[PDB]
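Single-structure report; data block below.
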6 protein chains.
Amino acid sequence: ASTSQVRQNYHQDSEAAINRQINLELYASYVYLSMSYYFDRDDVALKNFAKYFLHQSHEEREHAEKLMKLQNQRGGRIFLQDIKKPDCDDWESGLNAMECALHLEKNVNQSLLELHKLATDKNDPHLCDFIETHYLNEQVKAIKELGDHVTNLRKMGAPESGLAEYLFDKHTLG
Amino acid sequence: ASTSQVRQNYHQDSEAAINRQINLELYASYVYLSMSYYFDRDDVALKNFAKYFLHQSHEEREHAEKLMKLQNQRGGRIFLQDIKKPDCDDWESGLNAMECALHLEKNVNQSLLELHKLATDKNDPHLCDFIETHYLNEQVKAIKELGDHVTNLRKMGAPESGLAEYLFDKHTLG
Amino acid sequence: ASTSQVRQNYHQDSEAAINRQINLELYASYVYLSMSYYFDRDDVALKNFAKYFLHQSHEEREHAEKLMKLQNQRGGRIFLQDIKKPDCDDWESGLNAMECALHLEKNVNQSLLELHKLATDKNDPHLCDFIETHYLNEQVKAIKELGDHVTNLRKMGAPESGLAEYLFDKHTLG
Amino acid sequence: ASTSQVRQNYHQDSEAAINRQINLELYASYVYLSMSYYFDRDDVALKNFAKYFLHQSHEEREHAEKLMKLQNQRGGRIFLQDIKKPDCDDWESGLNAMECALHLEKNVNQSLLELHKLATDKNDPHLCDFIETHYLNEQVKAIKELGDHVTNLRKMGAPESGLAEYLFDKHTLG
Amino acid sequence: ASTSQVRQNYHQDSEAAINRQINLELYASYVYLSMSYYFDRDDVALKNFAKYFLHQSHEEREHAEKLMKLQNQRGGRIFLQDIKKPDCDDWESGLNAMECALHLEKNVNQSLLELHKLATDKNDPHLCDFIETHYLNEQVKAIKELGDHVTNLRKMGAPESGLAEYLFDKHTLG
Amino acid sequence: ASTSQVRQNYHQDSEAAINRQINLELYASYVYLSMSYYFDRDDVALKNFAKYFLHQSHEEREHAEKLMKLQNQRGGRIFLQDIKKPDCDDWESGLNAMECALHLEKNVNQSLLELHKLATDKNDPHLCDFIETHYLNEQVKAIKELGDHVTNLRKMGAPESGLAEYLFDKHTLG
Ligand SMILES: [Cl-]
Ligand SMILES: [Cl-]
Ligand SMILES: [Cl-]
Ligand SMILES: [Cl-]
Ligand SMILES: [Cl-]
Ligand SMILES: [Cl-]
Ligand SMILES: [Cl-]
Ligand SMILES: [Cl-]
Ligand SMILES: [Cl-]
Ligand SMILES: [Cl-]
Ligand SMILES: [Cl-]
Ligand SMILES: [Cl-]
Ligand SMILES: [Cl-]
Ligand SMILES: [Cl-]
Ligand SMILES: [Cl-]
Ligand SMILES: [Cl-]
Ligand SMILES: [Cl-]
Ligand SMILES: [Cl-]
Ligand SMILES: [Cl-]
Ligand SMILES: [Cl-]
Ligand SMILES: [Cl-]
Ligand SMILES: [Cl-]
Ligand SMILES: [Cl-]
Ligand SMILES: [Cl-]
Ligand SMILES: [Cl-]
Ligand SMILES: [Cl-]
Ligand SMILES: [Cl-]
Ligand SMILES: [Cl-]
Ligand SMILES: [Mg+2]
Ligand SMILES: [Mg+2]
Ligand SMILES: [Mg+2]
Ligand SMILES: [Mg+2]
Ligand SMILES: [Mg+2]
Ligand SMILES: [Mg+2]
Ligand SMILES: [Mg+2]
Ligand SMILES: [Mg+2]
Ligand SMILES: [Mg+2]
Ligand SMILES: [Mg+2]
Ligand SMILES: [Mg+2]
Ligand SMILES: [Mg+2]
Ligand SMILES: [Mg+2]
Ligand SMILES: [Mg+2]
Ligand SMILES: [Mg+2]
Ligand SMILES: [Mg+2]
Ligand SMILES: [Mg+2]
Ligand SMILES: [Mg+2]
Ligand SMILES: [Mg+2]
Ligand SMILES: [Mg+2]
Ligand SMILES: [Mg+2]
Ligand SMILES: [Mg+2]
Ligand SMILES: [Mg+2]
Ligand SMILES: [Mg+2]
Ligand SMILES: [Mg+2]
Ligand SMILES: [Mg+2]
Ligand SMILES: [Mg+2]
Ligand SMILES: [Mg+2]
Ligand SMILES: [Mg+2]
Ligand SMILES: [Mg+2]
Ligand SMILES: [Mg+2]
Ligand SMILES: [Mg+2]
Ligand SMILES: [Mg+2]
Ligand SMILES: [Mg+2]
Ligand SMILES: [Mg+2]
Ligand SMILES: [Mg+2]
Ligand SMILES: [Mg+2]
Ligand SMILES: [Mg+2]
Ligand SMILES: [Mg+2]
Ligand SMILES: [Mg+2]
Ligand SMILES: [Mg+2]
Ligand SMILES: [Mg+2]
Ligand SMILES: [Mg+2]
Ligand SMILES: [Mg+2]
């Protein structure tokens, strides 16, 4: 119960929202992990898709860690939840994985936007700045990159052209 | 259904057991993550406990990844499950965290030993070698290190001596 | 007849099996040699297929040499046999060569697995360790790589697309 | 009585066997020590035989130390015994010393093989791996080297040719 | 049937003769391989004989490869045959191995001379130049070196003097 | 029986005394070896005590070797005896180990002093100089260091303070 000695201008609702966001970032890490190893299957075998999604997975773990650090910086208390498995076991194709990643990042961005709204409603400028500085532009860039990737794959003839996915793997992700 | 072109001498039971082990390693990663940020709380404030457990968390993620790679190398199919949250939100003390980590690593080791027994019963020497080479000695070393740590903390007067935990933090984990 | 001064715990059946395995490795070297120069024909002209299979040929000669060294280390006696010519003179296509290499490596792996079973039945842990350390994972990696290659070529449109085989030659084997 | 906190899957019989093996390695160290200084006598005066056996003596002390470390890693308890003096005070000749070293290393290897059998019967894969990784191939190489040395000395005309032992000292051990 | 686009002034008899010569070079590689590991036996133990013959074995594999490349350069088609095992399993002595190698190289040289005669009869100056440039002087040098070696071993008292073979191993092959 | 060609002014009693001293130095090496691994136990876990005593163990082996060399330099003949196991299996504490080491080094010093008395009574100045140069001051320094260590541990509150032994381990032995 008793307060943290550091706590100031940090609403309990913001504290809870940061714990939800921690879960979401870990969930995103897990989705990209799954995607990565899909492309490492002997019957998929797109090694640069695999590295690309692994890198993205590790990023998301870093995003979670920074929110954990924030929780403590502000005197909130971290409460972890189960990290749900991804929706898919088999991601179908390079294009479909990229489409799923785009939708994931748009979902994560919507959560961060709700979090910023809350921080604004509770007049927490430090939390607003945090989210702006470390998260919002990183989402806009990720979203733009994924859209670019989907566009290229589509134009190249994916998913039906295995050639298209192979060449994208070498030229864009390589 | 249809076979993987790479698959040879890889029993379905071993395939399932590797998927269980993947979950366990990710679970271990999550426990150490939680422990790490506990020591980063302003009311705990043992920064080298925090770094030590974070490093251990990242290790475990690497151990999971290597099993995922193995699954694919052998032509098995990765099936992920929810990563359960840790048993504890509050780890009490440096000593109690170390005790919990020891029990975690002994549990992980017991799983790997059951996995090796299975691999032996199914006459899978490649899988036996894998487990021996990449996992079993790494467990024995982790277990020994954690026991050493618990011993020192106990001898120093933890958990009642906050001095003991502070000095261990600086001299052993620092 | 009279024993080797070094010989210990080395069954005559293991000695014979190692001589068979020596022949098999040299045979594998010969198959890859043949494949290599097929891709060097003026009417095939895929120079990176050619280098890839030449490298694999030299590897296999090294694998044979290490078994010869082992035979002597254990006090067995090397008995060489004719190295049979490969099954094919003309390997048809990049894809078909890769398919044949996959089947070759799976055959070599099955032989090594039978050899390990024998070594296990004769309670020869040094020989078990030898095979595990120097051979079994090297087979699993070769098999996985070849499967990956076959998958890519298939997805790209080989063997009918001469473009697919040309581009694979440059991007994967180059 | 009470258990070690680290102990897992480590049979008391294996614990005792490791203590016996520790004694044997120290015993081997002592035999090579004695051999070394024999060749340093003014009436023997083969300085490279002396260095060769001293190096081998120090190796064996390292092999003992690694088993001591293992005992502790696994939660067993080290119990030392007297290190018996070697069988011989006077080793007769370079050839006879080499012959005695060959028989010593074959004895040490037989002990390690019995130890591996025990570890296998008690389903201790970590201990099996330990012995395989750190000991069994090191014995096979030592045995092969000693056999090679005995062969050369014999072919050269030792022990009757003092010239043979002198020249072996310079060309093989030098 | 249909011609190679590159083929010019390349008689079918020369094409067949190059395929025979390819087999012979691989056969020579195999003989030297066998010789090499004979000297690696614990009861022979002449390590520089072993390295010398291994080097010669690898050379011969290179000589085969260059003929394979030639076949393709000229638009002929490679047809491989079984590589026969060597005549001997046990090479008796350093001197006898050297004598056998001399006879092998003289046989290989006689084949190359017949090949040059054919190339001359078919007015193939490119093939004549090939053989002259890459093979004939390399044979004359190998033959001279082997004769020199046999002479020295004979003068030193081989094969009865095990000392002679030991010292030759160190001073000439070392 | 017959004399060594090198022997001069070297009494048989001195020869025997050097053989006794060789045994004592090896015995000291063994005591420190045992002490070392005691501190490596998971329930003791003082790693710098362990390194300190291991270093001391290796020193003593060097002291033995130098006496063996001396025996031969003077034309005496080395006669080895069993190296007795240490008095203790369990050394109780850092302080008690240090106390036992102090008593060991004082015993070794008393032996060397008796040896010097003998060398003096037999008018062997070379042996007197040997002992003075290589041994006596090395004992006085070891004794002083061990006394210093015991003093510090005692003042710090050992053996009851596990904190004291931990901090000594880091600051003095570290
Ligand atoms: Cl607040
Ligand atoms: Cl609030
Ligand atoms: Cl939950
Ligand atoms: Cl930007
Ligand atoms: Cl391209
Ligand atoms: Cl299977
Ligand atoms: Cl199955
Ligand atoms: Cl689940
Ligand atoms: Cl280790
Ligand atoms: Cl301090
Ligand atoms: Cl300090
Ligand atoms: Cl045997
Ligand atoms: Cl047998
Ligand atoms: Cl045959
Ligand atoms: Cl691997
Ligand atoms: Cl146990
Ligand atoms: Cl037991
Ligand atoms: Cl005893
Ligand atoms: Cl080896
Ligand atoms: Cl010389
Ligand atoms: Cl023509
Ligand atoms: Cl023609
Ligand atoms: Cl044939
Ligand atoms: Cl010349
Ligand atoms: Cl005298
Ligand atoms: Cl006297
Ligand atoms: Cl005795
Ligand atoms: Cl001084
Ligand atoms: Mg959520
Ligand atoms: Mg891969
Ligand atoms: Mg990202
Ligand atoms: Mg994120
Ligand atoms: Mg669910
Ligand atoms: Mg989706
Ligand atoms: Mg910014
Ligand atoms: Mg589980
Ligand atoms: Mg902090
Ligand atoms: Mg770890
Ligand atoms: Mg793990
Ligand atoms: Mg739950
Ligand atoms: Mg717990
Ligand atoms: Mg290992
Ligand atoms: Mg065969
Ligand atoms: Mg070419
Ligand atoms: Mg290969
Ligand atoms: Mg092979
Ligand atoms: Mg045939
Ligand atoms: Mg085929
Ligand atoms: Mg095994
Ligand atoms: Mg390995
Ligand atoms: Mg014994
Ligand atoms: Mg000397
Ligand atoms: Mg050795
Ligand atoms: Mg040893
Ligand atoms: Mg006795
Ligand atoms: Mg003997
Ligand atoms: Mg090894
Ligand atoms: Mg022929
Ligand atoms: Mg050798
Ligand atoms: Mg040559
Ligand atoms: Mg040739
Ligand atoms: Mg035949
Ligand atoms: Mg012959
Ligand atoms: Mg001409
Ligand atoms: Mg020339
Ligand atoms: Mg004594
Ligand atoms: Mg330790
Ligand atoms: Mg000392
Ligand atoms: Mg001493
Ligand atoms: Mg006793
Ligand atoms: Mg004592
Ligand atoms: Mg002095």
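Ordering of the structure tokens sets the chain letters (A, B, ...), residue numbers begin anew at 1 in every chain, and ligands are numbered from 1 in the order given.
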Contact residues around residue 166 (chain E) with only C-alpha atoms at 8 Å, ignoring same-chain residues under 4 positions, as a list in words: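 Selected residues are residues 152 and 156 of chain D; 46, 162 and 170 of chain E.
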So that I have them on file, write out the residues from the current selection with N, CA, C and O atoms, as a PDB file, in the first residue's frame.
ATOM      1  N   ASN D 152      59.301 -46.433 -32.801  1.00  0.00           N
ATOM      2  CA  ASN D 152      60.538 -45.790 -33.291  1.00  0.00           C
ATOM      3  C   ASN D 152      61.738 -46.228 -32.538  1.00  0.00           C
ATOM      4  O   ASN D 152      62.769 -46.625 -33.133  1.00  0.00           O
ATOM      5  N   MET D 156      64.845 -48.332 -34.136  1.00  0.00           N
ATOM      6  CA  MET D 156      66.154 -47.677 -34.160  1.00  0.00           C
ATOM      7  C   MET D 156      67.239 -48.516 -33.519  1.00  0.00           C
ATOM      8  O   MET D 156      68.417 -48.139 -33.621  1.00  0.00           O
TER       9      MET D 156
ATOM     10  N   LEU E  46      56.165 -43.197 -38.954  1.00  0.00           N
ATOM     11  CA  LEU E  46      57.102 -42.292 -39.625  1.00  0.00           C
ATOM     12  C   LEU E  46      56.289 -41.111 -40.116  1.00  0.00           C
ATOM     13  O   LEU E  46      55.766 -41.104 -41.226  1.00  0.00           O
ATOM     14  N   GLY E 162      66.083 -49.733 -39.450  1.00  0.00           N
ATOM     15  CA  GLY E 162      64.991 -48.885 -38.940  1.00  0.00           C
ATOM     16  C   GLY E 162      65.532 -47.487 -38.612  1.00  0.00           C
ATOM     17  O   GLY E 162      64.793 -46.465 -38.887  1.00  0.00           O
ATOM     18  N   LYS E 170      63.411 -37.658 -40.729  1.00  0.00           N
ATOM     19  CA  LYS E 170      63.702 -36.366 -40.110  1.00  0.00           C
ATOM     20  C   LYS E 170      64.482 -35.412 -41.017  1.00  0.00           C
ATOM     21  O   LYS E 170      64.186 -34.224 -41.036  1.00  0.00           O
TER      22      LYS E 170
END
Environment of ligand 65 within 10 Å, counting only C-alpha atoms and all ligand atoms, reported as a VMD selection string: chain E and resid 129 to 138
Residue selection dump (C-alpha atoms) as an mmCIF file, in the first residue's frame:
data_model
loop_
_atom_site.group_PDB
_atom_site.id
_atom_site.type_symbol
_atom_site.label_atom_id
_atom_site.label_comp_id
_atom_site.auth_asym_id
_atom_site.auth_seq_id
_atom_site.Cartn_x
_atom_site.Cartn_y
_atom_site.Cartn_z
ATOM 1 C CA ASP E 129 50.995 -27.726 -75.133
ATOM 2 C CA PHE E 130 48.666 -28.584 -72.255
ATOM 3 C CA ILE E 131 50.329 -31.830 -71.533
ATOM 4 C CA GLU E 132 53.838 -30.339 -71.919
ATOM 5 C CA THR E 133 53.096 -27.316 -69.753
ATOM 6 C CA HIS E 134 51.177 -28.855 -66.898
ATOM 7 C CA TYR E 135 52.250 -32.479 -66.828
ATOM 8 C CA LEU E 136 55.444 -33.667 -68.493
ATOM 9 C CA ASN E 137 58.012 -31.696 -66.523
ATOM 10 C CA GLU E 138 56.068 -32.187 -63.314
#
Test item: residues at most 12 Å from residue 81 (chain E), only C-alpha atoms, excluding those fewer than 3 positions along its chain, as a ChimeraX atom specification: /C:27,30-31,34,82-89 /E:16,19-27,78,84
Store the residues picked out above in a file with C-alpha atoms, as a short mmCIF file (atom, residue, chain, number, x, y, z; two decimals), in the first residue's frame.
data_model
loop_
_atom_site.label_atom_id
_atom_site.label_comp_id
_atom_site.auth_asym_id
_atom_site.auth_seq_id
_atom_site.Cartn_x
_atom_site.Cartn_y
_atom_site.Cartn_z
CA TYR C 27 32.36 -42.09 -52.58
CA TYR C 30 33.49 -38.50 -55.88
CA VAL C 31 29.79 -37.74 -56.37
CA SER C 34 31.27 -35.22 -60.69
CA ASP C 82 37.36 -49.35 -55.00
CA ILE C 83 35.59 -45.96 -54.97
CA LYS C 84 32.56 -46.56 -57.17
CA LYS C 85 31.73 -44.02 -59.85
CA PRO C 86 28.65 -41.92 -59.26
CA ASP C 87 25.18 -43.09 -60.42
CA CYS C 88 24.86 -40.27 -62.93
CA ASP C 89 27.10 -38.79 -65.56
CA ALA E 16 38.42 -40.64 -74.48
CA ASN E 19 38.87 -39.47 -69.56
CA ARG E 20 41.29 -42.39 -69.05
CA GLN E 21 43.93 -40.03 -67.81
CA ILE E 22 41.48 -38.45 -65.31
CA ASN E 23 40.93 -41.97 -63.86
CA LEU E 24 44.68 -42.58 -63.66
CA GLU E 25 45.35 -39.34 -61.78
CA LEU E 26 42.58 -40.15 -59.26
CA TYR E 27 44.05 -43.64 -58.95
CA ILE E 78 33.63 -36.17 -68.70
CA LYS E 84 40.47 -48.91 -58.19
#
What do you get as a short mmCIF file (atom, residue, chain, number, x, y, z; two decimals) with N, CA and C atoms, in the first residue's frame if you pick all residues at most 12 Å from ligand 71, counting only C-alpha atoms and all ligand atoms?
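Output saved as out-v1.cif:
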data_model
loop_
_atom_site.label_atom_id
_atom_site.label_comp_id
_atom_site.auth_asym_id
_atom_site.auth_seq_id
_atom_site.Cartn_x
_atom_site.Cartn_y
_atom_site.Cartn_z
N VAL F 31 48.60 -31.02 0.79
CA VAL F 31 47.78 -30.34 1.80
C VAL F 31 47.15 -29.09 1.20
N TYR F 32 47.95 -28.29 0.49
CA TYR F 32 47.38 -27.06 -0.11
C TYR F 32 46.39 -27.35 -1.20
N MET F 35 43.18 -28.15 0.67
CA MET F 35 42.63 -26.89 1.16
C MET F 35 41.96 -26.09 0.05
N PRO F 86 46.43 -35.56 3.27
CA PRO F 86 46.36 -34.62 4.42
C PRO F 86 45.61 -35.11 5.68
N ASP F 87 45.87 -34.50 6.82
CA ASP F 87 45.21 -34.85 8.08
C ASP F 87 43.71 -34.66 8.10
N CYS F 88 43.24 -33.68 7.33
CA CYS F 88 41.87 -33.22 7.32
C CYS F 88 41.25 -33.42 5.93
N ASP F 89 39.97 -33.79 5.92
CA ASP F 89 39.22 -33.69 4.69
C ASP F 89 38.45 -32.37 4.58
N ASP F 90 37.99 -31.94 5.71
CA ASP F 90 37.18 -30.72 5.84
C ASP F 90 38.00 -29.74 6.66
N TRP F 91 38.26 -28.56 6.11
CA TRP F 91 39.15 -27.63 6.79
C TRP F 91 38.46 -26.59 7.66
N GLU F 92 37.14 -26.70 7.79
CA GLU F 92 36.34 -25.97 8.77
C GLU F 92 36.00 -24.54 8.42
N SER F 93 37.03 -23.74 8.16
CA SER F 93 36.84 -22.33 7.94
C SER F 93 38.09 -21.75 7.26
N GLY F 94 37.94 -20.54 6.73
CA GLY F 94 39.13 -19.80 6.22
C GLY F 94 40.21 -19.64 7.28
N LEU F 95 39.82 -19.21 8.49
CA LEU F 95 40.76 -19.08 9.57
C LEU F 95 41.44 -20.38 9.95
N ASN F 96 40.67 -21.44 10.10
CA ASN F 96 41.29 -22.70 10.48
C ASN F 96 42.27 -23.22 9.40
N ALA F 97 41.90 -23.07 8.13
CA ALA F 97 42.82 -23.43 7.04
C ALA F 97 44.12 -22.63 7.14
N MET F 98 44.02 -21.33 7.34
CA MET F 98 45.19 -20.52 7.47
C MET F 98 46.05 -20.95 8.65
N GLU F 99 45.41 -21.25 9.80
CA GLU F 99 46.12 -21.78 10.96
C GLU F 99 46.83 -23.10 10.63
N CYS F 100 46.16 -23.99 9.92
CA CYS F 100 46.78 -25.24 9.57
C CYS F 100 47.96 -25.03 8.62
N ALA F 101 47.82 -24.08 7.69
CA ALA F 101 48.91 -23.76 6.75
C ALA F 101 50.11 -23.19 7.48
N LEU F 102 49.88 -22.29 8.44
CA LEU F 102 50.96 -21.77 9.29
C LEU F 102 51.73 -22.90 9.99
N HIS F 103 51.02 -23.87 10.55
CA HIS F 103 51.64 -24.97 11.29
C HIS F 103 52.40 -25.84 10.31
N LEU F 104 51.82 -26.06 9.13
CA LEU F 104 52.50 -26.82 8.04
C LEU F 104 53.82 -26.13 7.67
N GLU F 105 53.80 -24.80 7.48
CA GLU F 105 54.98 -24.15 7.00
C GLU F 105 56.05 -24.10 8.10
N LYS F 106 55.64 -23.99 9.35
CA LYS F 106 56.57 -24.05 10.45
C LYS F 106 57.19 -25.46 10.53
N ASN F 107 56.37 -26.50 10.31
CA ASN F 107 56.95 -27.86 10.26
C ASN F 107 57.97 -28.04 9.11
#
Chain C contacts to chain D at 12 Å (only C-alpha atoms) as a ChimeraX atom specification: /C:4-10,69-76,120,122-133
Between CA of residue 39 (chain B) and CA of residue 52 (chain B) - distance in Å to one decimal: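 Pair CA of residue 52 (chain B) / CA of residue 39 (chain B) returns 10.0 Å.
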